[PDB]
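Q: Just dropping this structure here.
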Amino acid sequence: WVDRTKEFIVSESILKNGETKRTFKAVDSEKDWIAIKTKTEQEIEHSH
Amino acid sequence: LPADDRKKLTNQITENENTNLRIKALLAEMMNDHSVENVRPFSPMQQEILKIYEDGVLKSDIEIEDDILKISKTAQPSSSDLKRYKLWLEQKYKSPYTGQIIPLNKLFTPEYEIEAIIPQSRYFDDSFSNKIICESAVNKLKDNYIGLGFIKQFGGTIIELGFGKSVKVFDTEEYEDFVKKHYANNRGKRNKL
RNA sequence: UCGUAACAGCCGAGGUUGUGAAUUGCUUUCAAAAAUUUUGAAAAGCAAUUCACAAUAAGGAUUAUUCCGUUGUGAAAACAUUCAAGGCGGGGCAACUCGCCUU
């Protein structure tokens with residue numbers, strides 16, 4: 001992890017006290033493609 | 001069967017072989033103990049045990065030896081779950097036709113045998129719900145046709161089980177309440193008597 | 001209480017093999033050179049990162065914006081599929097799709 005980048009998909013979950021628990025899971029394409037597709041579309045839209 | 005009715009049928013049959021495994025393991029543990037007698041392959045005594053171990057569905061239960069019921073193999077020799085199962089499951093089962101607990105050793109004795117709720121000279125059911133076990137005397141005195149007249153006519157009769165021990169037929173005054181509530185398991189079979 | 005559960009249909013993104021390309025690599029071969037040792041050029045085999053493209057069950061039709069090719073029957077090397085009209089109407093700028101009424 002020292003001076004290195006990691007790829008995660010974060011599942012936000014707000015608890016009773018309002019704490020949005022950030023849960024990190026390893027990303028693996030071909031199964032959870034919805035998130036990566038939305039990310040790519042957002043990136044394309046941002047560039048205009 | 002359809003698919004939905006098919007997927008369940010595996011469960012009952014598999015539980016059946018689990019029960020058979022437990023029955024023969026229990027008998028292999030019993031032949032080391034001098035209850036009365038244990039031959040080995042004699043199927044009728046295995047059936048009698050398979051009908052006498054149903055005390056679990058007879059109300060009172062504890063969770064300690066509950067995994068032992070659902071398991072199939074258990075531990076057989078020496079200090080084992082089979083031993084403690086025998087200790088707890090030794091007398092917690094009363095006779096249907098006399099309302100007396102059975103030490104589970106007098107089962108193989110000729111004085112006690114398999115009782116058919118419906119006679120052979122009548123409906124030809126062979127399901128386990130038409131099979132119980134009780135004394136030989138009441139089996140001899142049942143005289144095919146079942147209940148009503150005879151069960152109310154002979155109510156209160158005292159019959160000797162041999163060797164000076166005499167037992168009384170259900171007093172109908174108490175036996176009506178017995179056949180109403182006492183056998184609270186009441187799956188589908190008690191009322192048909 | 002049985003039955004429904006099976007059959008079909010419109011699409012996506014990769015991967016693999018191969019062709020071409022840019023850049024590097026490993027091994028092998030004539031020496032071109034140095035004073036028995038290395039530097040080497042060029043080819044061959046094997047790849048790597050990235051791009052474009054071809055094929056994606058062997059193969060056979062067809063020019064319809066259609067396909068057949070892992071199911072079943074059984075020798076006949078043979079088959080299974082579809083089935084005219086008339087409006088009423090819903091949807092859709094469009095192609096077209098979906099229901100009702102009548103022989």
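Taken together, the values in this text are just the output of simple stated rules run on the coordinates, not laboratory data. Here the Cβ is made from the backbone with ideal geometry for all residues, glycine too, and neighbour counts use every protein chain on show.
Q: For chain B, just the Cα atoms, rotate onto the principal axes and tell me the three extents in Å, largest first.
A: Computed over the Cα atoms, the extents are 49, 48, 31 Å.
Q: With springs connecting C-alpha atoms under 10 Å apart, model chain B as a Gaussian network and identify which of B:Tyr97, B:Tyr53, B:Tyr145 has the largest mean-square fluctuation.
A: B:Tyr145
Q: Still on this structure, please answer the following. Once you put a point 7 Å from the Cα of A:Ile44 and another 7 Å from the Cα of B:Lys181, both along the Cβ direction, what distance in nm separates them?
A: 7.6 nm
Q: Given springs between every Cα pair under 10 Å in a Gaussian network model of chain B, which of B:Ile49, B:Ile158, B:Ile133 has the largest fluctuation?
A: B:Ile158
Q: OK, next. Choose one answer from B:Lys24, B:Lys165, B:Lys131: the residue with the largest mean-square fluctuation in a GNM of chain B with alpha-carbon springs under 10 Å.
A: Maximum fluctuation in the GNM of chain B, among the listed residues, is at B:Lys165.
Q: Given Cβ point charges of +1 (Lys, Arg) and -1 (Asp, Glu) and nothing else, what value in debye, to the nearest 20, does the dipole of segment B:89-158 about its Cα centre take?
A: Working: 8 positive and 8 negative charges, 39 e Å.
Value, rounded to 20: 180 debye.
Q: Using the structure shown, select from B:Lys86/B:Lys142; B:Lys94/B:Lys181; B:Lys86/B:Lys181; B:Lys59/B:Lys140; B:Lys70/B:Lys140; B:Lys86/B:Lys131 the pairs with a Cα to Cα distance greater than 25 angstrom. Don't jump to the answer; show the numbers that get you there.
A: Numbers: B:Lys86/B:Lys142 31 Å; B:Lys94/B:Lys181 14 Å; B:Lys86/B:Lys181 27 Å; B:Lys59/B:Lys140 30 Å; B:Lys70/B:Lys140 36 Å; B:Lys86/B:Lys131 23 Å.
Over 25 Å apart, Cα to Cα: B:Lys86/B:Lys142; B:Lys86/B:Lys181; B:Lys59/B:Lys140; B:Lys70/B:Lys140.
Q: Residue by residue through segment B:169-177, which ³J(HN,Hα) values in whole Hz follow from phi under the Karplus form 6.51 cos²θ - 1.76 cosθ + 1.60 (θ = phi - 60°), with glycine and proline marked x?
A: Values, residue by residue: 5, 3, 4, 4, 4, 7, 6, 4, 5 Hz.
Q: Further question on the same structure: Over chain A, what is the mean sequence separation of C-alpha contacts under 8 Å (at least six apart), divided by residue count, expressed as relative contact order in percent? Walk me through the numbers before you get to the answer.
A: On the way: 29 pairs, mean separation 12.5, N = 48.
Reported relative contact order: 26 percent.
Q: Any idea which of B:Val36, B:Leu9, B:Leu26 is furthest toward the positive side of the dipole for segment B:1-49, if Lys and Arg beta-carbons carry +1 and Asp and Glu beta-carbons -1?
A: Positive-end residue among those listed: B:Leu9.
Q: Further question: For A:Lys16, list the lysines whose Cα falls under 28 Å from its own Cα; do not include residues on the same chain fewer than 8 positions away.
A: A:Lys25
Q: Can you tell me the relative contact order of segment B:44-160? Whole percent, Cα pairs under 8 Å, sequence separation 6 or more.
A: Details: 99 pairs, mean separation 25.1, N = 117.
Once divided by the residue count of segment B:44-160, the mean separation gives 21 percent.
Q: Out of residues 5 or more away from B:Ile159 or on other chains, whose amide H comes under 5 Å of its own, with H placed 1.01 Å from N in the peptide plane?
A: It is B:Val167, B:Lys168, B:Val169, by chain and number.
Q: For A:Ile9, enumerate residues with amide H under 5 Å from its amide H, sequence gap 5+ or separate chain, H modeled in the peptide plane.
A: A:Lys25, A:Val27
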